[PDB]
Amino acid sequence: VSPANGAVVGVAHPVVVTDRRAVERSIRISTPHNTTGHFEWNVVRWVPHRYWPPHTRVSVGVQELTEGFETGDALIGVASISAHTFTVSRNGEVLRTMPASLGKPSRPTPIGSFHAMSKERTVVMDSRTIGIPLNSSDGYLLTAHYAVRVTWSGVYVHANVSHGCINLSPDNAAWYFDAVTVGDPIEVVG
């Protein structure tokens, strides 16, 4: 079960618990205004449908075990593929709309709805680790700085960028990294 206890997270953060409709019924999310959601599939997650409510305490009851977490501010960053931007807002007001490189004209960032999964100060990225030569046009060996993970699939917040990853300036990527906590909503759109 994730979220873990007390964990201060964000409002696109899924509820994650490890006949599907059977265990789907032993799970219930208790929210102040009865926040709804749907299921997604082993391992199933429950996700709130219009983000969470900000600064709301969330309770999760699964079998005889019940664990809870609190949401901080609502920080949303949006990656527009037409405009070449990653816009960041915190509770209503955009703070900093930063120009972003979202992949490359071959494999641009996949449009969709996500959370900030992890924060890694520097992470080295080696394409040889899953089978891509470094002389390939989609080949690389790089040490990323201020890396905020977007997906399990390896998309990151951290130009002819690969994997569809998102590339910001060093000054811009520092701020998002300091301002962000896991769970912080991530939206790729047009």
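Position 1 is the first residue in the sequence shown; the rest follow in order.
Unmodelled deposited residues between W41 and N42: 1 to 3, per the record.
In the deposited sequence, the stretch from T18 to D19 hides 4 to 9 residues that have no coordinates. Once the C-alpha B-factors are averaged per stretch, 124-132 and 53-61 rank with 124-132 first. Between 26-34 and 63-71, it is 63-71 that carries the larger average Cα temperature factor according to the deposited entry. Set against one another, the Cα B-factors of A12, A179, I166, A173 in the record reach their highest point at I166. You'll see in the entry that, of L102, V94, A116, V78, the Cα B factor peaks at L102. In this PDB entry, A159 carries a Cα temperature factor that places it within the middle third of its chain's modelled residues. Among all modelled residues in its chain, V150 ranks in the lowest third by Cα B-factor. For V189, the recorded CA temperature factor ranks within the middle third of the chain's modelled residues. Among the modelled residues of its chain, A4 has a C-alpha B-factor that falls in the highest third, as given in the PDB entry.
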